[PDB]
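Novice: There's a structure below that I have some questions on.
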Amino acid sequence: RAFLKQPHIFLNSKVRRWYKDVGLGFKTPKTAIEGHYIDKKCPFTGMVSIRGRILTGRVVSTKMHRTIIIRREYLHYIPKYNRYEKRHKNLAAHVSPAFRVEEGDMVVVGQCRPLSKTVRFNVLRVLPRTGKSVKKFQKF
Amino acid sequence: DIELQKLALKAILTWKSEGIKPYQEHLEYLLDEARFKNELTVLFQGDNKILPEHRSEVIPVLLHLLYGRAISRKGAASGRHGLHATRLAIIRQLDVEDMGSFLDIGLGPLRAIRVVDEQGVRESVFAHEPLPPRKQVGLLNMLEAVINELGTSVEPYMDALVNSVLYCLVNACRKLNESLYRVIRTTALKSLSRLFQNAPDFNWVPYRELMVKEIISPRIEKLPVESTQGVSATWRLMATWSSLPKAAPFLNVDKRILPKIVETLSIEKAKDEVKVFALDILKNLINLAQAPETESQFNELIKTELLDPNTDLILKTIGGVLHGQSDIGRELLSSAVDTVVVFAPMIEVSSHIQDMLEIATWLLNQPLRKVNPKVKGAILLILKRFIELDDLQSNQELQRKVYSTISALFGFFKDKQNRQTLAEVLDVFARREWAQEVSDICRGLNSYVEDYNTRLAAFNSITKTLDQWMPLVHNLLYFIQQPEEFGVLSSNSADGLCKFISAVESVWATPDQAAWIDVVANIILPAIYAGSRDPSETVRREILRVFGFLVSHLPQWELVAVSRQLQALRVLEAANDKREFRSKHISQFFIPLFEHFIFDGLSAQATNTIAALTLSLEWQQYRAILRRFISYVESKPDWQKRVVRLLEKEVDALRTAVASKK
Amino acid sequence: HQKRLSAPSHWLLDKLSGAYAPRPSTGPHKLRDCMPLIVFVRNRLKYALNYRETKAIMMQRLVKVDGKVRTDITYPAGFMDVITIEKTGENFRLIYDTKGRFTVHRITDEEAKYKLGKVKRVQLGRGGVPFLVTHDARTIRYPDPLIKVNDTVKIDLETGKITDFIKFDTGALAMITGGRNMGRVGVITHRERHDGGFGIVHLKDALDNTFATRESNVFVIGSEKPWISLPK
Amino acid sequence: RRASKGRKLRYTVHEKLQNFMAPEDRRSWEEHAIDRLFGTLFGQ
Amino acid sequence: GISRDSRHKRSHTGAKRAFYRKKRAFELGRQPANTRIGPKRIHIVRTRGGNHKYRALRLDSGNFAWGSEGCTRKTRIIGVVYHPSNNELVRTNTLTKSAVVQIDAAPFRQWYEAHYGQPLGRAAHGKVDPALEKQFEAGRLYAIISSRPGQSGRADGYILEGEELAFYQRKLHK
RNA sequence: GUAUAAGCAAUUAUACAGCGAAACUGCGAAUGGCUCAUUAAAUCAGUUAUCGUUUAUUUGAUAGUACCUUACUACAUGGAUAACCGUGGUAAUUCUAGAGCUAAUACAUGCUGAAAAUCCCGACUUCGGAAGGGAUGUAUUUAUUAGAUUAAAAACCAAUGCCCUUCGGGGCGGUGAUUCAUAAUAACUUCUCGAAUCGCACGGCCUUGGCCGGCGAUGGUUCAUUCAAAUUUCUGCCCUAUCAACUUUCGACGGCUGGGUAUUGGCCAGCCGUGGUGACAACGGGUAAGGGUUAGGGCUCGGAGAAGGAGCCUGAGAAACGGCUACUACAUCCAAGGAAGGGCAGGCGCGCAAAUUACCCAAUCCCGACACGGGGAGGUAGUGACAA
């Protein structure tokens, strides 16, 4: 490995830390502001910008390096039954070390440039709840 | 000419020599016009460096070729990257003995020239030209590049460099065909400045009239009017002259140079940059005048000939600056106050110290927008070093005025070293004069700034006379505003303020009434309101204590535990409704207190009191109050119900108010 | 080489222009939002008959678009481009109607001398100079410093100088250039931001009909001030 | 596993890589000298 | 043979799909270039839109920025010392982006002694980190390559300094 | 743009002039179309984004960049070829050898009339116009700085005030965002551009030796716009559990580092982590491969290969099947040394059968140096007792 760095801030000078806001009515967290952690895919530290679709969901597998899996539940109308049917969709989003991850919470994600085959979104604001395991079902 | 170069190099290679033999490919690749930079950087700092054995056999032909490629105008593009970067590259990659042989090649006729003789000037030299000015421009740009790349290795080549550049400069100023000589003069002075701060160890004394002929004749009668726009190369030469120790006494030769420098500083229509530039010249002059033995080899002259016959003009001009225009840049301000700081210990007697003390207290009562607090600390150091001259016994109205300023700065500053210097300026205040009283203030403020056992001893000792009192009042309210180490400094300063206000209510003789009553109003009441807005709860408790002392001891003055708290608030409601209140009292003491009470049935009692007091107060203050409250709504999402209950009660109060005023 | 039916239905062709239809060439205006010069001459104006006739007319310097002579047959002239024909001395301007079709209007020189163009955007060009991009793909150097995006500019058309400007304003009258409610002259009454893409304006007519069009399709014509002669 | 991209030797037969060249035995020595030399290397 | 398409990899759900199409021209990715140390060898490659990009195969000099003081100089390149990607690349002396390599110090030392005056590597504004001083006394500095030598045709980068400098000393000692 | 055709057609001031074969130069051929094992939300359709990229042509603007030791100088820029003329070889057509020319908007260099030029400031000023002070493009790539009133921001904010008064009053660049746009310094490139071009009118100053002077055509750096192309975000397939486990068997999911790509990206190479999918139907199997325009029907739009693998070439756009290169499978000419080459349409397909080998680009439309050249879409025509 090499030394990690923000791309164009001059460190060893004998005479700062850059972090941008995404906007959209969001507030950068304090761990993103002052925490010396560094990553290129963070929208508040790296050069990734967020634009386009804004989505929500509930994390299912937080046991992964800075990427969560989101179950997207919705109600599918089948005409044959003329009834609504539950359908779960599995997304992904790059998780910043700025926030405190909780399993089962409610997380808002945002569309970015494709960082991986699955990672297309960045987390913006977690909402802490008491969400349970796979057996819990709810439209979100 | 590149074709003539190719044929010449073919002839030199026809001179079949073992020295040139291993380098012919480097020569032809240096010469091919598409391989120049790459061939250069493979020649130097490559594997096949020049072997030092036949280096004396290869270097002359290589250097003539390097001069040809640095002189070529055909293949060059424009800009600095057009041929200037090439010359800089060649001189950067060259070596110093190689540079000496190269400058021998570069100075054609001017190699063996003598600019100075056993006598001063050689007019027989200067009234004869050996070079066209185009070649002079080329030579001079070349030599500026040489010096800029050389640095400290100039020492074995001075006896040629200074002769060349001085001949060019003096022929230029005699020509003062104008464009060529103009660019000659400007780049000449630039090379000269670089040469000066490169070579300090040279002896510059055998020519002085050369600096005379360069400086005094064409410019000095016009120099402020000219340099009102920006800095110049002459100004750079004077700046590096003042930087160098041994070069400074060249300013004595014409005695009007430093007068005209501060005359440039006098012209108030400058771009402020020539102002701060002349100021830095003065900075280096004073640092030289203070510096040890290495500069005391010349200090005694620069004390007795350069600064001494012009201190009056210096201070008169600095005063004209600080009282001419209402607009002064912060850089000019900090830099001017820094110059007067460093000039303070360098003078012993003068004439304009009355003006100096007046301008000091003027810039000290200037608002915080115009003057930074660091700058106020600088004016304080100025005051300490400038007060000690024997002036205050005359013109006492100036002296009671400056004492009002130093007192005012006791509740303003934040820094321990600034407060130490405050105690020191008070010390020399007493040393100048009333004397024992102000010395009591000296020991009081000394044991205030000295640590915590000494401070509490100070508070108790003064706990155990108007001008005696006022600074103690200032530092007393500052130590009110200090929240807590253990809170003891706050409580003891509160007790001291009660002792002061007890002295206030003790003395009630009618001119003393007037004086002390205006003092206690104009220093205490805004400090009460500022401490009311202070969110420190120990500060609010002690300000409630001293406010209780005020209202209980004063009352002839015309302008004057949850359960017990709520009961006292109900008592305050009844006090309102038996007598409405004073409006400023309401709006600047009571409202912030219960605002703090809300945001820290207590809330219901608080908003009921806010309702009754919003009945009691004035509508313009109410208009600002309502704008501040809806701003609290928009900005504070922490207490939505709390702020909106406040809104409901206050506009119900508005409805009752308009219903009563109907 | 699309068919006549697949050609856009707002530059009209009757049932006898053959199975084909010309495609516009590359130019300032967009492909869907264009009226080509041959269709303007021989299908709408009928000042000629045949492709060769229009070729000859456009080959001699006889048709001038936006103050400049246009040579080729299928030069696009989409929206509000004045067309000066000197042998008749007439000037034609392209507006829409309430249904959403190209409508040609006759004008003399006084109102034909200037154009009204919507500002696409504004930036700083090379050299540190602000420049201004219209929807006509015209770039104006050194503009008025108040002219933001979605402004409108009255343009001299002889020196290209910025003669006047009109501001995006709620309470102003507009004209729609896209969407399902395309071509409905009315007043802007409301703006909705919707930060995150596709801001909307709410625009009613002069006669009480509300509808939602997007800012990109909105084309400011004037508060009351119909600076171009709309057909009566 | 950490090893998919060839990092472990997958001992699997390859279809095209099956029957490229026949062994042509080119050794000028009668193999008794050679293995007697392998016996009488440095070690004996 | 070489391409950039994603048809041959497995699905997001872990499925294999035939999805059999032909490799077209816009998923073209060209062959890599092991940029090594030698005389200047650069092959020009025209790309889409007729842009030119310069594949540098053998490089001797590049420029490096000692922009802490505000200078940069074109110096030679001795040889790579460490590389974050491949130890085989460190062995084969290849120059890529983010590659720490010892460079010659002579133009920098020339500029230093010319500007400030004091000799280095043999007042209060001319000051050096001692590790950088040791690099100057040896005469072979630690710099990093941050220009892409493959897609820009030039080896340029900044000198190492301070925290990254000591981190890379420790990494070299690892 | 290039004419000395030894090409025509002429004279009233003779380098050229009108027309102009051949040839050089620039553009064009990313399709019009043919065949066949198929593609089961990956394509596709809606719906977004490109702050992740490219773009010949379109139209719009656009570039201040001198001097800088050649000086006892230089001042109408170079060299090649084609067409042509003549000498030939072989069986073999420009398959071509030798020899002799000449042009450019083909390929290329490119200090100079001069003591100035051009930007910034500007004191003094009669709007006077200026004394005299600083400075010398662009493209690539890197580093750094600015990208904006102060940061001792202890500012501004409590203008709830202060002061006068007649008490009525009066005074005190863009985005949602970016390291974006943009500017500046250090250098860097075996690195570009900053017009040695053509046609037409031809007027002002009079140093009568010129000095200035317009309209276009072609070309050129950047930025738009257009035509596009590339990926890309949420939803939507037909049926099945004799398909319940699948992936890691071409990395399966990450993060970091680079390479390559126009750009993002396990797309690929190292390093380590442990996954990712599934009974809400993964995965497999079957092959039978619609959308929009709403009275209606109509209308419109909708993978692999050019004898076979493999590699390469031009170009803004192709892995063109247009070319080449080697192998394989065929086939043709010959003086037996050698040389070039690969498709579709028609008829028979029993010995007995049945719709033209038609005409033109005339209109709509397309491509070019270009009004004139060229178009396998398009229309016109002929046959018919199968019907009606």
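The chains in the structure tokens are called A, B, ... from first to last as shown; in each chain the residues are counted from 1, and the ligands are counted from 1 in the order shown.
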Neighbours of region 138-146 of chain C within 6 Å (only C-alpha atoms (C1' of nucleotides); same-chain residues fewer than 6 positions away dropped), as a PDB file with N, CA, C and O atoms (P, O5', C5', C4', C3', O3' and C1' of nucleotides), in the first residue's frame?
Specialist:
ATOM      1  N   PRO C 130     -16.609  37.447 -19.402  1.00  0.00           N
ATOM      2  CA  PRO C 130     -17.919  36.790 -19.391  1.00  0.00           C
ATOM      3  C   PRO C 130     -18.530  36.757 -20.779  1.00  0.00           C
ATOM      4  O   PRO C 130     -18.471  37.730 -21.532  1.00  0.00           O
ATOM      5  N   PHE C 131     -19.108  35.612 -21.114  1.00  0.00           N
ATOM      6  CA  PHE C 131     -19.798  35.441 -22.374  1.00  0.00           C
ATOM      7  C   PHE C 131     -21.144  34.796 -22.106  1.00  0.00           C
ATOM      8  O   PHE C 131     -21.364  34.146 -21.075  1.00  0.00           O
ATOM      9  N   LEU C 132     -22.028  34.969 -23.082  1.00  0.00           N
ATOM     10  CA  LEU C 132     -23.454  34.747 -22.935  1.00  0.00           C
ATOM     11  C   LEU C 132     -23.947  33.869 -24.073  1.00  0.00           C
ATOM     12  O   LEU C 132     -23.754  34.210 -25.242  1.00  0.00           O
TER      13      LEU C 132
ATOM     14  P     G F  60     -22.085  32.476 -38.575  1.00  0.00           P
ATOM     15  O5'   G F  60     -21.905  32.776 -37.023  1.00  0.00           O
ATOM     16  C5'   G F  60     -22.946  33.401 -36.291  1.00  0.00           C
ATOM     17  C4'   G F  60     -22.692  33.366 -34.809  1.00  0.00           C
ATOM     18  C3'   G F  60     -21.395  33.992 -34.341  1.00  0.00           C
ATOM     19  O3'   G F  60     -21.490  35.397 -34.246  1.00  0.00           O
ATOM     20  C1'   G F  60     -21.732  31.926 -33.242  1.00  0.00           C
ATOM     21  P     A F  61     -20.429  36.325 -35.005  1.00  0.00           P
ATOM     22  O5'   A F  61     -19.822  37.239 -33.858  1.00  0.00           O
ATOM     23  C5'   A F  61     -18.448  37.157 -33.521  1.00  0.00           C
ATOM     24  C4'   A F  61     -18.261  36.467 -32.199  1.00  0.00           C
ATOM     25  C3'   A F  61     -16.868  36.499 -31.610  1.00  0.00           C
ATOM     26  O3'   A F  61     -16.600  37.717 -30.945  1.00  0.00           O
ATOM     27  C1'   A F  61     -17.789  34.329 -31.408  1.00  0.00           C
TER      28        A F  61
END
Novice: Could you pull out the helix (DSSP H, G or I) residues of chain E from DSSP and send them as an MDAnalysis selection string?
Specialist: chainID E and resid 87:92 106:115 130:138 149:152 162:173
Novice: CA of residue 9 (chain D) and CA of residue 21 (chain D) are how many Å apart?
Specialist: 22.4 Å
Novice: For a test of reading the model, state the distance in Å between CA of residue 91 (chain A) and CA of residue 3 (chain D), rounded to one decimal.
Specialist: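 According to the coordinates, CA of residue 91 (chain A) and CA of residue 3 (chain D) are separated by 27.2 Å.
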Novice: With 9 Å as the limit and counting only C-alpha atoms (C1' of nucleotides), what residues in chain F lie close to chain D? Please list them as a PyMOL selection string.
Specialist: chain F and resi 248+250-251+272+274
Novice: Set the distance at 9 Å and use only C-alpha atoms (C1' of nucleotides): which residues neighbour residue 22 (chain C) once local chain neighbours fewer than 4 positions away are removed? I'd like the list as a PyMOL selection string.
Specialist: (chain C and resi 1-4+7+36+38-39+74) or (chain F and resi 364-365)
Novice: Report as a list in words all protein, DNA and RNA residues lying within 10 Å of residue 212 (chain C), evaluated on only C-alpha atoms (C1' of nucleotides), omitting residues in the same chain fewer than 3 positions from it.
Specialist: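 The filter keeps residues 179, 180, 181, 190, 191, 192, 200, 201, 202, 203, 204 and 215 of chain C.
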Novice: At a cut-off of 12 Å, using only C-alpha atoms (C1' of nucleotides), what residues contact residue 567 (chain B)? Leave out same-chain residues fewer than 4 positions from it and give the result as a list in words.
Specialist: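 Using only C-alpha atoms (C1' of nucleotides), the neighbours found are residues 561, 562, 563, 571, 572, 573, 574, 601, 602, 605, 606 and 609 of chain B.
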Novice: With N, CA and C atoms retained, write the just-selected residues as an mmCIF file, in the first residue's frame.
Specialist:
data_model
loop_
_atom_site.group_PDB
_atom_site.id
_atom_site.type_symbol
_atom_site.label_atom_id
_atom_site.label_comp_id
_atom_site.auth_asym_id
_atom_site.auth_seq_id
_atom_site.Cartn_x
_atom_site.Cartn_y
_atom_site.Cartn_z
ATOM 1 N N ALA B 561 -34.638 25.255 44.984
ATOM 2 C CA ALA B 561 -34.893 26.692 45.012
ATOM 3 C C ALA B 561 -35.845 27.100 43.902
ATOM 4 N N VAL B 562 -36.400 26.096 43.217
ATOM 5 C CA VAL B 562 -37.366 26.342 42.148
ATOM 6 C C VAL B 562 -38.582 27.074 42.696
ATOM 7 N N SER B 563 -39.017 26.688 43.899
ATOM 8 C CA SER B 563 -40.163 27.325 44.534
ATOM 9 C C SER B 563 -39.912 28.801 44.814
ATOM 10 N N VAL B 571 -43.471 37.930 42.450
ATOM 11 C CA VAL B 571 -43.200 39.231 43.050
ATOM 12 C C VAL B 571 -42.801 40.241 41.979
ATOM 13 N N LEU B 572 -42.035 39.805 40.978
ATOM 14 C CA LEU B 572 -41.627 40.709 39.908
ATOM 15 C C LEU B 572 -42.802 41.076 39.008
ATOM 16 N N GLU B 573 -43.739 40.143 38.809
ATOM 17 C CA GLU B 573 -44.967 40.467 38.084
ATOM 18 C C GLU B 573 -45.750 41.551 38.805
ATOM 19 N N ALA B 574 -45.899 41.392 40.122
ATOM 20 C CA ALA B 574 -46.614 42.388 40.913
ATOM 21 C C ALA B 574 -45.892 43.729 40.899
ATOM 22 N N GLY B 601 -43.020 24.137 36.113
ATOM 23 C CA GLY B 601 -43.798 25.283 35.680
ATOM 24 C C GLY B 601 -42.951 26.524 35.512
ATOM 25 N N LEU B 602 -41.632 26.320 35.565
ATOM 26 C CA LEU B 602 -40.696 27.432 35.448
ATOM 27 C C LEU B 602 -40.803 28.100 34.084
ATOM 28 N N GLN B 605 -44.087 30.210 34.064
ATOM 29 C CA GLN B 605 -43.893 31.458 34.790
ATOM 30 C C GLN B 605 -43.010 32.412 34.001
ATOM 31 N N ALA B 606 -41.998 31.869 33.318
ATOM 32 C CA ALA B 606 -41.105 32.696 32.519
ATOM 33 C C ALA B 606 -41.846 33.371 31.379
ATOM 34 N N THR B 609 -44.156 36.099 32.616
ATOM 35 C CA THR B 609 -43.410 37.318 32.891
ATOM 36 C C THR B 609 -43.002 38.013 31.601
#
Novice: Which residues, written as a list in words, have at least one atom at most 10 Å from residue 118 (chain A), with only C-alpha atoms (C1' of nucleotides) counted and residues fewer than 2 positions away on the same chain left out?
Specialist: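 Surrounding residues, per the criterion: residues 67, 69, 90, 91, 92, 93, 94, 114, 115, 116, 120 and 121 of chain A; 12 of chain E; 253 and 265 of chain F.
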Novice: Next, write the just-selected residues to a file, as a PDB file, in the first residue's frame, keeping N, CA, C and O atoms (P, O5', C5', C4', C3', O3' and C1' of nucleotides) as the atom set.
Specialist:
ATOM      1  N   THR A  67     -19.583  -0.916   2.538  1.00  0.00           N
ATOM      2  CA  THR A  67     -20.688  -1.065   1.591  1.00  0.00           C
ATOM      3  C   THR A  67     -21.801  -1.838   2.281  1.00  0.00           C
ATOM      4  O   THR A  67     -21.558  -2.932   2.797  1.00  0.00           O
ATOM      5  N   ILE A  69     -25.858  -3.510   2.099  1.00  0.00           N
ATOM      6  CA  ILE A  69     -26.864  -4.066   1.203  1.00  0.00           C
ATOM      7  C   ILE A  69     -28.230  -3.630   1.712  1.00  0.00           C
ATOM      8  O   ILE A  69     -28.536  -3.786   2.900  1.00  0.00           O
ATOM      9  N   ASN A  90     -32.579  -5.641  -3.867  1.00  0.00           N
ATOM     10  CA  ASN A  90     -31.293  -5.607  -3.183  1.00  0.00           C
ATOM     11  C   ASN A  90     -30.353  -4.620  -3.864  1.00  0.00           C
ATOM     12  O   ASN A  90     -29.812  -4.909  -4.934  1.00  0.00           O
ATOM     13  N   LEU A  91     -30.149  -3.467  -3.237  1.00  0.00           N
ATOM     14  CA  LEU A  91     -29.238  -2.445  -3.729  1.00  0.00           C
ATOM     15  C   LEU A  91     -27.875  -2.546  -3.059  1.00  0.00           C
ATOM     16  O   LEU A  91     -27.539  -3.545  -2.418  1.00  0.00           O
ATOM     17  N   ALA A  92     -27.089  -1.483  -3.226  1.00  0.00           N
ATOM     18  CA  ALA A  92     -25.833  -1.287  -2.518  1.00  0.00           C
ATOM     19  C   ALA A  92     -25.499   0.196  -2.504  1.00  0.00           C
ATOM     20  O   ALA A  92     -25.982   0.955  -3.348  1.00  0.00           O
ATOM     21  N   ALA A  93     -24.682   0.609  -1.540  1.00  0.00           N
ATOM     22  CA  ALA A  93     -24.253   1.995  -1.454  1.00  0.00           C
ATOM     23  C   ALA A  93     -22.955   2.088  -0.673  1.00  0.00           C
ATOM     24  O   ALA A  93     -22.764   1.383   0.320  1.00  0.00           O
ATOM     25  N   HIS A  94     -22.068   2.962  -1.133  1.00  0.00           N
ATOM     26  CA  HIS A  94     -20.798   3.176  -0.463  1.00  0.00           C
ATOM     27  C   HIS A  94     -21.030   3.889   0.856  1.00  0.00           C
ATOM     28  O   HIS A  94     -21.622   4.969   0.898  1.00  0.00           O
ATOM     29  N   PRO A 114     -20.742   5.477 -11.200  1.00  0.00           N
ATOM     30  CA  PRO A 114     -20.591   4.063 -10.817  1.00  0.00           C
ATOM     31  C   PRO A 114     -19.219   3.753 -10.237  1.00  0.00           C
ATOM     32  O   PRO A 114     -18.208   3.764 -10.937  1.00  0.00           O
ATOM     33  N   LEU A 115     -19.199   3.459  -8.940  1.00  0.00           N
ATOM     34  CA  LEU A 115     -17.965   3.154  -8.231  1.00  0.00           C
ATOM     35  C   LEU A 115     -17.579   1.694  -8.318  1.00  0.00           C
ATOM     36  O   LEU A 115     -16.394   1.368  -8.198  1.00  0.00           O
ATOM     37  N   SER A 116     -18.548   0.811  -8.506  1.00  0.00           N
ATOM     38  CA  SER A 116     -18.277  -0.602  -8.663  1.00  0.00           C
ATOM     39  C   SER A 116     -19.394  -1.181  -9.514  1.00  0.00           C
ATOM     40  O   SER A 116     -20.224  -0.438 -10.048  1.00  0.00           O
ATOM     41  N   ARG A 120     -23.503   2.093  -6.543  1.00  0.00           N
ATOM     42  CA  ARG A 120     -23.907   3.237  -7.347  1.00  0.00           C
ATOM     43  C   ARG A 120     -24.400   4.397  -6.498  1.00  0.00           C
ATOM     44  O   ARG A 120     -24.827   5.420  -7.049  1.00  0.00           O
ATOM     45  N   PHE A 121     -24.367   4.267  -5.177  1.00  0.00           N
ATOM     46  CA  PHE A 121     -25.010   5.236  -4.306  1.00  0.00           C
ATOM     47  C   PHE A 121     -24.117   5.541  -3.114  1.00  0.00           C
ATOM     48  O   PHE A 121     -23.242   4.757  -2.742  1.00  0.00           O
TER      49      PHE A 121
ATOM     50  N   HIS E  12     -24.978  -9.705 -11.310  1.00  0.00           N
ATOM     51  CA  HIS E  12     -24.974  -9.146  -9.967  1.00  0.00           C
ATOM     52  C   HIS E  12     -25.527 -10.135  -8.954  1.00  0.00           C
ATOM     53  O   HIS E  12     -25.076 -10.165  -7.805  1.00  0.00           O
TER      54      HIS E  12
ATOM     55  P     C F 253     -19.240  -9.940  -8.346  1.00  0.00           P
ATOM     56  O5'   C F 253     -19.355  -9.654  -6.786  1.00  0.00           O
ATOM     57  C5'   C F 253     -20.600  -9.320  -6.196  1.00  0.00           C
ATOM     58  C4'   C F 253     -20.388  -8.686  -4.850  1.00  0.00           C
ATOM     59  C3'   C F 253     -19.424  -7.516  -4.841  1.00  0.00           C
ATOM     60  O3'   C F 253     -20.013  -6.288  -5.212  1.00  0.00           O
ATOM     61  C1'   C F 253     -18.853  -9.011  -3.111  1.00  0.00           C
ATOM     62  P     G F 265     -13.154   4.650 -11.375  1.00  0.00           P
ATOM     63  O5'   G F 265     -13.912   3.288 -11.684  1.00  0.00           O
ATOM     64  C5'   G F 265     -14.929   2.825 -10.817  1.00  0.00           C
ATOM     65  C4'   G F 265     -15.659   1.652 -11.406  1.00  0.00           C
ATOM     66  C3'   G F 265     -14.845   0.387 -11.586  1.00  0.00           C
ATOM     67  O3'   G F 265     -14.774  -0.362 -10.393  1.00  0.00           O
ATOM     68  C1'   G F 265     -16.139   0.815 -13.528  1.00  0.00           C
TER      69        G F 265
END
Novice: Quick one: residues within 12 Å of residue 77 (chain A), only C-alpha atoms (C1' of nucleotides), excluding same-chain residues fewer than 3 positions away - as a list in words?
Specialist: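 Non-adjacent residues within range: residues 74, 80, 81, 82, 83, 84, 85, 86 and 87 of chain A; 235 and 236 of chain F.
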Novice: Distance limit 8 Å, atoms considered: only C-alpha atoms (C1' of nucleotides). Which chain E residues sit that close to chain F? Return them as a PyMOL selection string.
Specialist: chain E and resi 3-6+8-9+12-15+17+19+21+23-33+40+47-50+62-68+70-74+84-86+96-98+146-147+152+154+156-158
Novice: Could those selected residues go to a file with C-alpha atoms, as a short mmCIF file (atom, residue, chain, number, x, y, z; two decimals), in the first residue's frame?
Specialist:
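Listed below is the output, result-v8.cif:
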data_model
loop_
_atom_site.label_atom_id
_atom_site.label_comp_id
_atom_site.auth_asym_id
_atom_site.auth_seq_id
_atom_site.Cartn_x
_atom_site.Cartn_y
_atom_site.Cartn_z
CA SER E 3 -11.34 -5.50 -24.27
CA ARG E 4 -13.26 -3.60 -21.59
CA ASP E 5 -16.74 -5.08 -21.98
CA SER E 6 -18.56 -6.65 -19.05
CA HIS E 8 -18.00 -12.16 -19.83
CA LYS E 9 -18.34 -11.60 -16.09
CA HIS E 12 -24.97 -9.15 -9.97
CA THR E 13 -26.99 -12.02 -8.52
CA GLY E 14 -24.19 -14.45 -9.35
CA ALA E 15 -25.61 -15.80 -12.62
CA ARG E 17 -25.37 -15.32 -19.07
CA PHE E 19 -25.08 -12.58 -23.90
CA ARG E 21 -22.12 -10.40 -29.02
CA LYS E 23 -16.32 -6.92 -29.36
CA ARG E 24 -16.92 -3.50 -30.88
CA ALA E 25 -14.54 -0.60 -31.14
CA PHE E 26 -15.54 1.62 -28.21
CA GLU E 27 -14.75 -1.00 -25.55
CA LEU E 28 -11.20 -1.19 -26.91
CA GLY E 29 -8.50 -1.05 -24.29
CA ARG E 30 -4.95 -1.05 -25.60
CA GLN E 31 -2.03 -3.12 -24.38
CA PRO E 32 -0.11 -1.89 -21.30
CA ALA E 33 3.24 -0.13 -21.52
CA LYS E 40 13.56 8.72 -24.50
CA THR E 47 -7.53 7.79 -30.19
CA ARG E 48 -11.20 8.53 -30.70
CA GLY E 49 -11.87 12.00 -31.93
CA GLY E 50 -8.37 11.93 -33.36
CA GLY E 62 11.20 13.95 -15.87
CA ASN E 63 10.50 17.02 -13.86
CA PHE E 64 9.86 17.15 -10.15
CA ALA E 65 8.34 19.85 -8.01
CA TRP E 66 10.08 21.12 -4.89
CA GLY E 67 7.10 23.48 -4.64
CA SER E 68 7.40 23.74 -0.88
CA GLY E 70 8.26 27.06 -5.08
CA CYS E 71 10.61 25.52 -7.62
CA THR E 72 10.62 22.58 -10.00
CA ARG E 73 13.36 21.12 -12.15
CA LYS E 74 13.89 18.59 -14.89
CA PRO E 84 2.46 0.12 -4.23
CA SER E 85 1.15 -2.19 -6.93
CA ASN E 86 3.70 -4.81 -7.91
CA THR E 96 4.01 4.37 -13.29
CA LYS E 97 1.79 6.81 -11.43
CA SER E 98 2.37 7.10 -7.67
CA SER E 146 2.15 11.32 -10.07
CA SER E 147 1.99 12.01 -13.81
CA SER E 152 0.84 11.57 -20.83
CA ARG E 154 6.17 12.39 -19.24
CA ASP E 156 6.68 14.32 -13.51
CA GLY E 157 5.93 14.42 -9.83
CA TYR E 158 6.60 16.07 -6.53
#
Novice: C:107, C:48, C:220, C:56: which is nearest chain F, counting only C-alpha atoms (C1' of nucleotides)?
Specialist: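 Answer, going by the shortest atom-to-atom distance: C:56.
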Novice: Determine which residues of chain A sit within 9 Å of chain F, taking into account only C-alpha atoms (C1' of nucleotides), and present them as a VMD selection string.
Specialist: chain A and resid 1 to 2 4 7 to 10 20 to 25 47 to 53 63 to 67 73 85 to 88 111 to 118 120
